[PDB]
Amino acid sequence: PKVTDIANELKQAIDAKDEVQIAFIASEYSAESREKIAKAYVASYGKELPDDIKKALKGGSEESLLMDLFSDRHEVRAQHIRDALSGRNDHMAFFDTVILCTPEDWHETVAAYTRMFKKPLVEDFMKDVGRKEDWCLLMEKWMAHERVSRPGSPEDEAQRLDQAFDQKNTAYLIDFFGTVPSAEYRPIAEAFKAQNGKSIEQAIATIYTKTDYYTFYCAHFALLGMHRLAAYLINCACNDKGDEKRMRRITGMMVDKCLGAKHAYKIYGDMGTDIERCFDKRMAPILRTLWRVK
């Protein structure tokens, strides 16, 4: 329907103050569509769309979530990236903000970090994060976004992985996951599992621990596909006792790109259900709506 009438619907949801109905309208349209609806909306009422959401509803993550959803994806990201560095490194936020991201989104997020804070995002990050652990080095690699093709053959490149894993060539490792193109990763990993006795995800388990462990484990989910990384992040968000911050970072930032998470989630169970469980009566309905499990 006309983006003009869509803006109206929100305005009446924002009048009703109905968090779920706003969230529902959100769920209906991708980030780009929600950008067009945001415009229609400000011309209509001379009110910034996030500014009205903030207005009607007072609260926490639930509020901020609905705002993010009608705000510049890349600014939202650059602020999250600003925040995770503000106090002490928020690794959980790193994952959500660095690894759970397309190369395009990332790019504008870089650019948006300049507009906002007159700084080079990647400089700030390597400043705070350092280069002492593998997870740091991986993260720098990932952020560059230079996917280089791999010298043919899954199996052949799979056996090269598993050897890097055995010897503990954490250099190959970093560079692989830092550069392997996603399309090329799926076959390699299917192959790893078909030949090397241990899934890649177990390989990591053997070699890495703590925040080293999680970074690659996120990596591997993300090269399979964002909806896969998402599903996991959501799950982690569930076990960390309904992590509303994580859930707000990744949803308001990425839902449109990751709607298949509900199916990916099946390996952990029913997404709809677990959120009913882990998240309270305010946040959960909002969440179930966005990720389309009502």
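Numbering starts at 1 and runs along the sequence shown.
As the entry records it, the average C-alpha temperature factor is higher for 164 to 172, out of 219 to 227 and 164 to 172. Look at the mean CA B-factor for 243 to 251 and for 43 to 51 in the entry; the higher one is 43 to 51.
Of the residues listed, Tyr214, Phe177, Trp106, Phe117, the entry assigns the biggest Cα temperature factor to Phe117.
The entry lists C-alpha B-factors for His80, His145, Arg150, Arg186, and the highest of these is at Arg150.
Looking at the C-alpha B-factors along this chain, the one for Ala7 belongs to the middle third. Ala16: CA B factor lies in the highest third for its chain, per the PDB record. Per the PDB record, residue ranking by Cα B-factor puts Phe192 in the highest third of the chain. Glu63 sits in the highest third of its chain by CA B factor, as recorded in the PDB entry. Annotation for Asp90: C-alpha temperature factor in the lowest third relative to the rest of the modelled chain, per the entry.
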